[PDB]
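Report on the structure given below.
Throughout, read-outs are computed from the coordinates displayed, never taken from laboratory work. Neighbour counts are summed over all protein chains in view; Cβ atoms, including those assigned to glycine, are modelled from backbone coordinates with ideal geometry.
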Amino acid sequence: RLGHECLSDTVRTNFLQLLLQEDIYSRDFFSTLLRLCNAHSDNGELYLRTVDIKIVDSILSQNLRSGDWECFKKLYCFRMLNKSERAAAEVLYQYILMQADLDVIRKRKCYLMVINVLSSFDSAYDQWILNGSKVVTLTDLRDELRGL
Amino acid sequence: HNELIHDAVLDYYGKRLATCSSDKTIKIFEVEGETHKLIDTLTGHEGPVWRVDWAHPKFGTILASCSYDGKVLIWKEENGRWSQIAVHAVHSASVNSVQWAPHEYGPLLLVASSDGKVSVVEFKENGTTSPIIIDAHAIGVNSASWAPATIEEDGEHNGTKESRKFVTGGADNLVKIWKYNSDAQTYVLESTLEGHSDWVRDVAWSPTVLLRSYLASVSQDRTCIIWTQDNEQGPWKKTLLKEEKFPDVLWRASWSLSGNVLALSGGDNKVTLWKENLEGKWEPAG
């Protein structure tokens, strides 16, 4: 956190990538960061710098390209706690579409999560989420939930 | 179902057929030539769906359906289907007719319910209904219509002004001619015309390119009197179409969208055809 004249973003990118590929460090380290993210999310603040946020974003996005629901579960948790909450709805939403590994009951459960998170918002721009350039409304998701 | 449809109408672009059933559904299909494959079904009425109409594309393709229940259920293609964007139910029961209006009168809907009302539903920015109701007849209004007197819709040589004539078909057995004055916010009853001692079913306005306007007042006496206007403010004269009573049990009466040929939609499921000949007189055509 306190680099930026004692750590360069590129050297830091490499570290962050390293401990998350090595099984032994990845879990304990990453749960630890997210507990601490929770302590400043409660405030309506951040715990982290802008640079660190994007590094983690980038590694996890590359873990989506290896599949599994769990990769999205990490990206989700990170975005909720480090305040990217419209994008957090998006993360759960990508999963239902990208995967045909999910069954019909399983598609429904996922839909139900996105729908209640959109409508809990105190913002009128977070009542919908983006898939490409088309705006996806609760109404659209609802049609999807009965049709899937 | 498809075991009793009461009206069908086609959009300008020729994409969605909208048949309206009397078990409360509006089954919406796909226009693919003469082939039709279904795409929707909308149940929401509590009465048999009487009639459906399309709206001119310059203010959207709007689908207004009405039942016998005091409800007009406006739909419009949204949500990847057909979803309401307005509702209007200032009546109580027996909404009959629902006809869209040209954008030279603004975007208005002209609703006729049998409870001796007519509303003029103005549409705003949020799609809000603004029924400016008027009492007409007293036994029932079956249908509704309007246009200039002194000028016309704004153009090159049609001025502009602010007026709108009406034809109101009643179940009091009359067919009244109301006149709107947009310079006074008055609806002045002008002429009362009576050609039938039985219910006026349908009324209509001739979209003829002629200055003369003809109104086909059909009836359950199986007679149509053609109400002949000399100009846009001239008198009305009863005329006979068929000089005798049609075998057709007449309900509707529609003029063509190019021509001045009149089809009377008989209960025999045949359309008799009457248009004026080289002598000046309504004579056969089919």
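Could you identify the single residue in B:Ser182, B:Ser219, B:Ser254 that is loosely packed, with under 13 Cβ neighbours inside 10 Å and hydroxyl-bearing (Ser, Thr, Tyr)?
Result of the check over B:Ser182, B:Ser219, B:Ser254: B:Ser182.
When residues of the range B:205-254 are filtered for being of a type outside the set (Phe, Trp, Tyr), farther than 15 Å from B:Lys275 by Cβ and within 15 Å of the chain's Cα centre (by Cα), how many remain?
Qualifying residue count, the range B:205-254: 4.
Residues of the range A:134-148 being facing another protein chain (nearest Cβ under 10 Å) and assigned to a loop (DSSP other than H, G, I, E, B), which ones?
A:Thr137
From B:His157, B:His103, grab the single residue that is touching a helix residue (DSSP H, G or I) at 6+ places or on another chain (Cβ under 6 Å) and either farther than 20 Å from B:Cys66 by Cβ or part of a strand (DSSP E or B) (or both).
B:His103 is the lone residue from the list that is touching a helix residue (DSSP H, G or I) at 6+ places or on another chain (Cβ under 6 Å) and either farther than 20 Å from B:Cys66 by Cβ or part of a strand (DSSP E or B) (or both).
I need a count of the residues in the range B:130-179 that are among the polar types (S, T, N, Q), in contact with a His (Cβ under 9 Å, 6 or more places away or on another chain) and crowded, with 20+ Cβ neighbours inside 10 Å.
Residues in the range B:130-179 being among the polar types (S, T, N, Q), in contact with a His (Cβ under 9 Å, 6 or more places away or on another chain) and crowded, with 20+ Cβ neighbours inside 10 Å: 1 in total.
Filter the range B:257-273 down to residues that are in contact with a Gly (Cβ under 8 Å, 6 or more places away or on another chain) and β-branched (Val, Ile, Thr) and give me whichever is surrounded by the fewest Cβ atoms within 10 Å (Cβ to Cβ).
B:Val271
Count, please, the residues in the range A:1-39 that happen to be out of contact with any helix residue (DSSP H, G or I) (no Cβ under 6 Å at 6 or more places or on another chain) and without any contact (Cβ under 8 Å) to a residue 40 or more places away in the chain.
23
Can you tell me which residue within the range B:1-20, out of those that are touching a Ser or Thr at 6+ places or on another chain (Cβ under 9 Å) and farther than 20 Å from B:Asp202 by Cβ, is surrounded by the fewest Cβ atoms within 10 Å (Cβ to Cβ)?
The extreme case among them is B:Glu3.
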